[PDB]
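Take a look at the structure set out below.
Each value in this text was obtained by applying a stated rule to the coordinates, not by laboratory testing. Quick reminder, even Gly has a Cβ in these numbers, built from the backbone with ideal geometry, and neighbours come from all protein chains shown.
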Amino acid sequence: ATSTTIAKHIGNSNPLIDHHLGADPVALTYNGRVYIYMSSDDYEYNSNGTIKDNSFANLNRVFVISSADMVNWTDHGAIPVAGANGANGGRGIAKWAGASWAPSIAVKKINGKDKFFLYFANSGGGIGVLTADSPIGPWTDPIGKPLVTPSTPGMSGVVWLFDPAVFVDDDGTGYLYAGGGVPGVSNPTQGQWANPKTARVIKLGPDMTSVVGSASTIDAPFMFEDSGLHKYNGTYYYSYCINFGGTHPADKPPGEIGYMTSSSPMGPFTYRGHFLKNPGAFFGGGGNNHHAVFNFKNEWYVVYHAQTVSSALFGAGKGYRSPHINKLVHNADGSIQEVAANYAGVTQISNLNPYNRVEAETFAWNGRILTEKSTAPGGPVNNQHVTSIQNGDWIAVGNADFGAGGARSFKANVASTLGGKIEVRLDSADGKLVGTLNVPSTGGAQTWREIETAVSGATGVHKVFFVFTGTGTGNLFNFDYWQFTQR
Ligand SMILES: O[C@@H]1[C@@H](O)[C@H](O[C@@H]2CO[C@@H](O[C@@H]3CO[C@@H](O)[C@H](O)[C@H]3O)[C@H](O)[C@H]2O)OC[C@H]1O
Ligand SMILES: [Ca+2]
Ligand code: NA
Ligand code: NA
């Protein structure tokens, strides 16, 4: 193992991923997994190949990763949401949309079946929705135009009609929160900074792809963007990013996550405080806050973004954002403690079972690979593979539990022009070697075989490292999934 981690270091849980970016995260919790959906931040370049600042040019997909344990993330690739103009090479789903910013996600049981709803902003003018029968697609545009526009009743007044947050209440009623911006164009007055009156909530129809009635204004003091809604102990918590302009009182600090409570989903809301500092307070930082509060496996968390990967690569964030999660604590009085955002992140919640098929693109740490959509036969929806594998690269999973009996063999599904090796190591990238898998030439990068090799000494709970070696100077092979067999 020679390659180093970019930003998510072995033993740490933030950023969630560092083999690519992901901005504006939101969480769905569903049947033992947490799914994180993100705007498609993607490095932009000058014509001479040098990196430039993020201009949001490429925000036309939604990236999706998921975990059962907070440490190992399955990369589910990208949903080609935007279909207008050039976007997504004709494969875009929402043909009316040139952009798909800042996703929101909901599940609702309809006609005895779980149905999933992905919301997004077509830049600053309109919210769209796609539907699917699984949290990872495939996705359908059931409307063919925006769900919400400035003409939706109650939506006039909104400066930036974006950053949707959709919540399905306990009674099954869906609600959409959206909006932000500050009125007064180039020079808002002090009062316009303090009360933009640009946040909205509107009830959704039963189908989750329509609205009922008109939108209500939520008077979020110093509103900026990044609506969020969670419900704790019967109270609805509307959270949002506080703006950066005007003078601010001590209790509404610029760029921080403010929150309000109500006994009803549409209000009236009352400001209660703030619980997440600007990312640059912790990682410095740079730039805008975006967040979502969620409960997964019976603990409260917040997912948010920071410029921690681009920072480590370039020596500046440059507007490129990565997801992080930390714990969130409600007090006895219903108030929320300041979130202690950091790199350590959340300690692994459960062990990984190495005797099922595990996607190669399910990993906790890597140095340094990419994931992309795979040509491998079979596999889960939107199956990906690990690629850009060179000599000395590796990926690793957290706490695989081999059990006291331990493993007998190791299978890997691979595609290779010239061949190479996968070393299986415990605990560290130079750790106990339990097996070495020889990847043959298979026919090339799109031709697949499952290879088996012997394993010995794999028992108990260990980080497992897959270390890639070979004589080539570029990509050695593509790696789709693996599985151990029990002794
Ligand atoms: O002070 C800085 C802030 O301005 C910054 O917030 C960003 C402001 O621009 C927003 O992008 C607009 C979204 O709406 C579209 O219609 C417009 O075309 C966009 O320009 C963006 O949402 C914010 O993140 O954050 C960093 C602060 O220091
Ligand atoms: Ca795969
Ligand atoms: Na969001
Ligand atoms: Na690599």
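In whole angstrom, how long is each semi-axis of the equivalent ellipsoid of the range 200-335, when you take the square root of 5 times every eigenvalue of its Cα gyration tensor and sort them from largest down?
Working: eigenvalues 145, 60, 55 Å².
Its equivalent ellipsoid spans semi-axes of 27, 17, 17 Å.
Order these peptides, 305-313, 413-421, by their mean beta-carbon neighbour count within 10 angstrom, highest first. Could you put the intermediate results ahead of the total?
Details: 305-313: 24.2, 413-421: 21.2.
Ranked by mean Cβ neighbours within 10 Å, highest first: 305-313, 413-421.
Contact order normalised by length for the chain, with contacts defined as Cα pairs under 8 Å and 6 or more residues apart; what percent is it?
Averaging sequence separation for qualifying contacts and normalising by length gives 14 percent for the chain.
For the range 435-452, just list the computed ³J(HN,Hα) in residue order, Karplus coefficients 6.51, -1.76 and 1.60, θ = phi - 60°, integers in Hz, with x standing in for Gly and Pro.
x, 9, 9, 8, 8, x, 5, 10, x, x, 5, 10, 10, 10, 9, 8, 10, 10
For the range 14-119, list log₁₀ I(q)/I(0) at each q in 0.10, 0.13, 0.23 Å⁻¹, using the Debye formula over Cα point scatterers of equal strength and ignoring solvent, two decimals each.
-0.33, -0.54, -1.26
Grab the beta carbon distance between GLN190 and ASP430, set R0 = 45 Å, and tell me the FRET efficiency rounded to 0.05.
Numbers: r = 59 Å, r/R0 = 1.32.
Result of the calculation: an efficiency of 0.15.
With the calculation restricted to Cα positions, what are the radius of gyration and Dmax of the range 6-350 in angstrom?
Considering the range 6-350 through its Cα atoms, Rg and Dmax are 18.7, 57 Å.
Expressed as a fraction of 2.2 N^0.38 Å, the rule-of-thumb size for a compact globular protein of N residues, what is the C-alpha radius of gyration of the range 284-398?
On the way: Rg = 17.5 Å, N = 115, 2.2 N^0.38 = 13.4 Å.
Against the compact-globule rule of thumb, the ratio is 1.31.
Using only DSSP helix segments of four residues or longer, with each worth -39500 (n - 2.57), what per-residue ellipticity at 222 nm results for the chain after dividing by its residue count and rounding to 500? If you can, show how the numbers build up before the last one.
Numbers: 2 runs with 12 residues, N = 487.
Per the formula, -500 deg cm²/dmol.
Under a straight-distance cross-link criterion of Cα-Cα below 28 Å, which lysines are reachable from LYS8, leaving out those fewer than 8 residues away in the same chain?
Cα-Cα hits under 28 Å: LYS52, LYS277, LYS297, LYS318, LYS327, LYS373, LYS411, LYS421, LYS432, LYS463.
Taking θ as phi - 60°, what are the ³J(HN,Hα) couplings along the range 287-300 by the Karplus curve (6.51, -1.76, 1.60), each to the nearest whole Hz, with x for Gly and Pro?
Result, rounded to whole Hz: x, 8, 7, 9, 8, 8, 9, 8, 10, 10, 6, 6, 10, 7.
To make sure I understand, if each residue's beta carbon is the centre and we count other beta carbons within 10 Å, what order do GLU361, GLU450, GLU372 fall in, fewest to most?
Details: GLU361 28, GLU450 13, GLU372 16.
With the fewest neighbours first, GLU361, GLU450, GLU372 line up as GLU450, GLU372, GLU361.
In sequence order, what are the phi-derived ³J(HN,Hα) couplings for the range 473-487 according to the Karplus relation 6.51 cos²θ - 1.76 cosθ + 1.60 with θ = phi - 60°, rounded to whole Hz, with x for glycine and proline?
After applying 6.51 cos²θ - 1.76 cosθ + 1.60, I find 9, x, 4, 7, 6, 9, 9, 9, 7, 9, 6, 8, 10, 7, 6 Hz.
How much length is gained on full extension from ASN438 to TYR30, taking 0.36 nm per residue of separation minus their Cα-Cα distance? Show your work: numbers first, answer last.
On the way: separation 408, 0.36 × 408 = 146.88 nm, distance 3.74 nm.
Difference between extended and current length: 143.1 nm.
If the cut-off is a Cα-Cα distance under 19 Å, which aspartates and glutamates reach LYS115, setting aside same-chain residues fewer than 8 apart in sequence?
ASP133, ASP141, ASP169, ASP170, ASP171, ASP207
Let me know the charge dipole size of the range 6-350 about its Cα centre in debye, to the nearest 20, where only the beta-carbon of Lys, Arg (+1) and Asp, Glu (-1) is charged.
Details: 22 positive and 24 negative charges, 70 e Å.
Using Cβ point charges on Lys, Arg, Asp and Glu, the range 6-350 gives about 340 debye.
Is the range 139-242 rounded, prolate or oblate when judged by the Cα gyration tensor, a ≥ b ≥ c being the square roots of its eigenvalues, rounded requiring a/c under 1.5 and prolate requiring a/b larger than b/c? List each step's numbers first, then the result.
Numbers: a/c = 2.32, a/b = 1.39, b/c = 1.66.
Oblate shape, in that a/c is at least 1.5 and b/c is the bigger or equal ratio.
With labels modelled as points extended 7 Å from the Cα through the Cβ direction, what inter-label distance (nm, one decimal) is found for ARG449 paired with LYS109?
According to this spin-label approximation, the distance is 4.8 nm.
How about the range 74-135: which trypsin sites (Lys or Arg not before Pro) there lie in a loop by DSSP and see at most 10 other Cβ atoms within 10 Å? Please report the intermediate quantities before stating the final value.
On the way: sites: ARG91, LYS95, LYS108, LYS109, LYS113, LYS115; in loops: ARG91, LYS95.
Taking the range 74-135 and a limit of 10 other Cβ atoms within 10 Å, the loop trypsin sites (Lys or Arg not before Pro) found are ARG91.
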